[PDB]
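Asks: Got a structure for you, questions after.
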Amino acid sequence: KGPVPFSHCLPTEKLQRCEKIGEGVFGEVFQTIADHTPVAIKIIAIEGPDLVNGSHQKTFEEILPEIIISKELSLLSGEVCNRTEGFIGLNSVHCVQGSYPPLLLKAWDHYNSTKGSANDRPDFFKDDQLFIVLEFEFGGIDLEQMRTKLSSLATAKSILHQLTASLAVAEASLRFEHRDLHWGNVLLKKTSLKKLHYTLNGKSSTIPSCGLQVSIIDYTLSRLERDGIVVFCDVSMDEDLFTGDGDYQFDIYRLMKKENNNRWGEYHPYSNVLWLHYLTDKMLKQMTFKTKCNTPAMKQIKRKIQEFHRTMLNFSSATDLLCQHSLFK
Amino acid sequence: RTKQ
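Note that the protein sequences, when read in sequence, are chains K and E. To convert a position in the first sequence, counted from 1, into the authors' numbering, add 469. To convert a position in the second sequence, counted from 1, into the authors' numbering, add 1.
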């Protein structure tokens, strides 16, 4: 086993049906239908001496925490004490030895001709390499291309409620800090269920859905604790993240750095609250809604959201924010 | 993204 060629992991039927959706420093994102269900494929370069896309290759023991936290966050959606379906499930992980097949290369070329990419052409890579394959379940369209597609303010309220509830269960269960909620990292999926079930510490509750479901992805820079041991990544020696400008998302990194005195190994749940603040900032300024604001009740909820935005920062944690702020009662 |  181990480094098998991509033929076994990806048979011809799935290769011809791959559409390429996203990109990043990590690697590639592909979409295909397998077992009569659309599944997401993420493939990354591993254990190479070469330099690609402005960074050298990553090494295996540094990518192990990624899969550990992914499989741990996947499993909690079945636990009886604390449960929610706000995460993406793990299907399979393997290792691939070889080069890049031409079909998905032409698919990337199609994407580049349509919208474009900021990375290099992955055609120089030889047979002797290794690769990593990630199978995730389809989430939908992220918030970044859905700016002109939301229904009204009630949908926004439900979105914030679902995000806050999911993070609350995450913290109450596994003491989680994910730290990278930029608005291109939340997934929306159409649904028919009218209400959602979430239980924290053995007490159940229900949330209106308005026909949408929310999930979180891209946990490459998260922290977790389990059975006295702590899993995370130390980023205290690379400062290009804290030199950003032009957006509040660039500022929040330096803000949490100020908060945690440059100690990434501590549990500071307040860090998530600033991310919720940032998300609320986008929902009030960088959004356009189909429906106007004429109905008095929707004016009321608009005032509620404004007060929530301006008075969240006095609050301690996500769970306390869930059980204390006036929005959710 | 994470890095500008």
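Beta carbons are placed, not taken as given, at the ideal position from N, Cα and C, and that holds for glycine.
Counting only beta-carbon atoms, is K/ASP519 nearer than 7 Å to chain E?
Replies: No, K/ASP519 lies away from the interface with chain E (no Cβ there is under 7 Å from its Cβ).
Asks: For K/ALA587, does the count of other Cβ atoms within 10 angstroms reach 16, so buried, or fall short, so exposed?
Replies: So K/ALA587 counts as exposed.
Asks: For K/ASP716, which three-state DSSP category applies?
Replies: K/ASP716: coil per DSSP, three-state reduction.
Asks: Any C-beta of chain E within less than 8 Å: which residues of the stretch 492–519 of chain K qualify?
Replies: Per Cβ criterion, the list reads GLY493, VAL494.
Asks: How would you label K/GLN631, buried or exposed, when you count the other beta carbons within 10 angstroms and need 16 or more for buried?
Replies: Burial call: buried.
Asks: Could you tell me the alpha carbon to alpha carbon distance between K/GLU776 and K/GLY734, rounded to whole angstroms?
Replies: Whole-angstrom Cα-Cα distance: 33 Å.
Asks: Starting from K/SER674 and walking both ways along the beta strand (DSSP E), at which residues does that stretch end?
Replies: Its beta strand (DSSP E) spans residues 672–677.
Asks: Between the Cα of residue 413 of chain K and those of K/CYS550, K/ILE532, K/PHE499, spot the shortest distance and give me the residue it belongs to.
Replies: Residue 413 of chain K lies beyond the stretch modelled for chain K, which goes from 470 to 798, so this question has no answer here.
Asks: In the DSSP assignment, what are the bridge partners of K/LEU796?
Replies: BP columns for K/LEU796 are empty, so no partner.
Asks: Thinking C-alpha only, which one of K/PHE475, K/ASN581, K/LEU790 is nearest K/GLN566?
Replies: The option with the nearest alpha carbon to K/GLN566 is K/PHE475.
Asks: How many Å lie between K/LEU629 and K/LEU573 at the Cα?
Replies: In a straight line, the C-alpha of K/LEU629 is about 36 Å away from that of K/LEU573.
Asks: Would you mind giving the Cβ-Cβ distance between K/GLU554 and K/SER546, rounded to the nearest angstrom? I have them listed as a contact below 8 Å.
Replies: That belief holds up - the Cβ atoms of K/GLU554 and K/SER546 are roughly 5 Å apart, short of 8 Å.
Asks: Can you pull out the residues from the stretch 667–698 of chain K whose beta carbon lies closer than 8 Å to at least one beta carbon of chain E?
Replies: Correct list: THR689, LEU690.
Asks: Provide the residue span of the beta strand (DSSP E) that contains K/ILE502, from first to last.
Replies: That run of the beta strand (DSSP E) goes 496–503.
Asks: Measuring straight from C-alpha to C-alpha, what distance separates K/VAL638 and K/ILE532?
Replies: Their backbone Cα atoms lie some 25 Å apart in a straight line.
Asks: For a test of the three-state rule: what should DSSP assign to K/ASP611, helix, strand or coil?
Replies: Of the three classes helix, strand and coil, the one that applies to K/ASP611 here is strand, per DSSP.
Asks: Could you work out which residues of chain E lie near K/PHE719, taking near to mean beta carbons separated by less than 9 Å?
Replies: Going along chain E in sequence order, the residues near K/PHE719 (Cβ under 9 Å) are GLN5.
Asks: Do K/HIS647 and K/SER691 have their C-beta atoms within less than 7 Å of each other?
Replies: Contact flag set, yes.
Asks: Suppose contacts are defined by Cβ-Cβ distances below 7 Å. Is K/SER621 in contact with K/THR760 by that definition?
Replies: It is a contact, given that the beta carbons lie within the stated cut-off.
Asks: Helix, strand or coil for K/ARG552 per DSSP?
Replies: Residue state, collapsed to three classes: strand.
Asks: Can you name the residues of chain E whose CB is closer than 9 Å to the CB of K/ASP709?
Replies: Neighbours of K/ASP709 on chain E, chain order: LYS4, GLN5.
Asks: What residue from K/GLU548, K/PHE556, K/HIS477, K/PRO518 has the CA that sits closest to K/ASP687's CA?
Replies: For the residues K/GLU548, K/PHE556, K/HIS477, K/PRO518, the minimum Cα distance to K/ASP687 belongs to K/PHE556.
Asks: Considering only their Cβ atoms, is the gap separating K/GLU606 from K/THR788 smaller than 7 Å?
Replies: Against a cut-off of 7 Å, the Cβ pair of K/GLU606 and K/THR788 comes out as no contact.
Asks: For K/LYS672 and K/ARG552, what's the separation of their Cα atoms in angstroms?
Replies: For K/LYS672 and K/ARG552, the distance between alpha carbons rounds to 11 Å.
Asks: Please name the residues in the stretch 522–545 of chain K whose beta-carbon is closer than 7 Å to at least one beta-carbon of chain E, in chain order.
Replies: Going along the stretch 522–545 of chain K in chain order, one finds no residue with a Cβ nearer than 7 Å to chain E.
Asks: Kindly list, in the order they appear in chain E, the residues whose Cβ is closer than 8 Å to that of K/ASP649.
Replies: Those within 8 Å of K/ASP649 in chain E are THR3.
Asks: Mind checking if K/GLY585 is an interface residue toward chain E, Cβ cutoff 7 Å exclusive?
Replies: Chain E contact via Cβ: absent.
Asks: For K/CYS478, does the three-state DSSP call read helix, strand or coil?
Replies: Reduced to three states, the DSSP call for K/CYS478 is helix.
Asks: When DSSP labels each residue in this structure, what does K/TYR722 get in the three-state scheme?
Replies: Note: K/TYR722 maps to helix in three-state DSSP.
Asks: Report yes or no: do the stretch 584–603 of chain K and the stretch 504–523 of chain K share at least 3 C-beta pairs separated by less than 8 Å?
Replies: Yes, since at least three Cβ pairs between the stretch 584–603 of chain K and the stretch 504–523 of chain K fall closer than 8 Å, the two stretches touch.
Asks: Note down, in chain order, every chain E residue with its Cβ under 7 Å from the Cβ of K/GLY608.
Replies: Neighbours of K/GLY608 on chain E: none; closest Cβ ~17 Å, over 7 Å.
Asks: Residues in the same chain with beta-carbon distance under 8 Å from K/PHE758, minus the five sequence neighbours each way, listed in chain order, please.
Replies: Cβ neighbours of K/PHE758 beyond the five flanking positions: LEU619, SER620, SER621, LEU622.
Asks: Any idea what DSSP makes of K/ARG772, helix, strand or coil?
Replies: Helix, per DSSP.
Asks: Going by C-alpha distance, which of K/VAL699, K/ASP589, K/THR712 is nearest K/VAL494?
Replies: Among K/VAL699, K/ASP589, K/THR712, the Cα nearest to that of K/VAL494 belongs to K/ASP589.
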